[PDB]
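Below is one structure, written out as structure tokens, with a few remarks after it.
Ideal geometry is used to build each Cβ from the backbone, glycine not excepted, and the neighbour counts take in all protein chains shown. Any read-out appearing in this document is the output of simple, stated calculations on the displayed coordinates, not a laboratory observation.
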Amino acid sequence: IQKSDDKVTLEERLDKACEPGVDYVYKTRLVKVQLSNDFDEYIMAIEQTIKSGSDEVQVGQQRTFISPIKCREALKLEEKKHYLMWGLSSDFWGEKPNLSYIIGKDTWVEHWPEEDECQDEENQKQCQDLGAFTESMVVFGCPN
């Protein structure tokens, strides 16, 4: 989703992440990046489950994000970083114990800076929006 992180507000995240099309909302980390000729895969671990969907995954379990190689320069996924990823349930690929996901055009990937990295003035607004995002969907959920 090519909306910029400065152009999106907290209320835009509240409107987009509470849609019934959007199935999963997670703040997570990634472990392994495997680069292949067909598609690049990301073994990725659950840090929090902000909004669980049709996949029953627990905190600390690992899943796989599949992206095409042309998005490898576009995603800019660096290892041991935190990312906010949401999206729809149409990106189911495998079966239930071996579920794989697809980074589609409707998949929201955002850089989540760390707790020390919130101390910068450039990352203050993003940390405030993402903290109020977590404190709105974890504690109170999504209305309608």
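Take the Cα radius of gyration of the stretch 47-98 and divide it by 2.2 N^0.38 Å, with N its residue count; two decimals is plenty.
1.26
Round to a whole angstrom and tell me the spacing of the C-alpha centers of the stretch 112-144 and the stretch 57-109.
First find each Cα centre; the distance between them is then 20 Å.
Taking a spot 7 Å from the Cα of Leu75 along the direction of its beta carbon, which residues of the stretch 1-26 have an amide N less than 16 Å from it?
1-2, 26
Spit out the partnerless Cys residues in the chain, using Cβ distances under 4.7 Å as the pairing rule.
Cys71
Report, to two decimal places, the Cα Rg of the chain normalised by 2.2 N^0.38 Å (N = number of residues).
1.02
Write down the radius of gyration of the stretch 64-136 and its Dmax, each obtained from C-alpha positions, in Å.
Calculated on Cα positions, Rg and Dmax stand at 14.5, 44 Å.
Which entries of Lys3/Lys27; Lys81/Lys105; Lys70/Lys105; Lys3/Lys81; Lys27/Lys80; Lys16/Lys70 have Cα-Cα distances beyond 24 Å here?
Among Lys3/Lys27; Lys81/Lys105; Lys70/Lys105; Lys3/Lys81; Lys27/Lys80; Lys16/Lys70, the Cα-Cα distance tops 24 Å for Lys16/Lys70.
Between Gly53 and residues 5 or more places away or on another chain, which pairs have amide H atoms under 5 Å apart, with H built 1.01 Å from N, and which residues are they?
Answer set, sorted by chain and number: none.
Give the Debye-formula value of log10 I(q)/I(0) at each listed q (0.13, 0.25 Å⁻¹), with one equal scatterer per alpha carbon of the stretch 92-132, two decimals each.
-0.48, -0.80
Hey, fewest Cβ within 10 Å first, where do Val138, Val25 land in order? Can you show the working numbers first?
Working: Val138 14, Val25 25.
Listed from fewest to most nearby Cβ atoms, that is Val138, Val25.
Based on Cβ point charges of +1 for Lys and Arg and -1 for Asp and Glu, what charge dipole magnitude is obtained for the chain about its Cα centre, in debye rounded to the nearest 20? Please report the intermediate quantities before stating the final value.
On the way: 17 positive and 29 negative charges, 94 e Å.
The dipole of the chain has a size of about 460 debye.
Give a residue-ordered list of calculated ³J(HN,Hα) values for the stretch 117-133 (Karplus: 6.51 cos²θ - 1.76 cosθ + 1.60, θ = phi - 60°; whole Hz; x for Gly, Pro).
Whole-Hz 3J(HN,Hα) from phi for the stretch 117-133: 6, 6, 6, 6, 6, 6, 9, 6, 5, 5, 5, 5, 5, 6, x, 6, 4.
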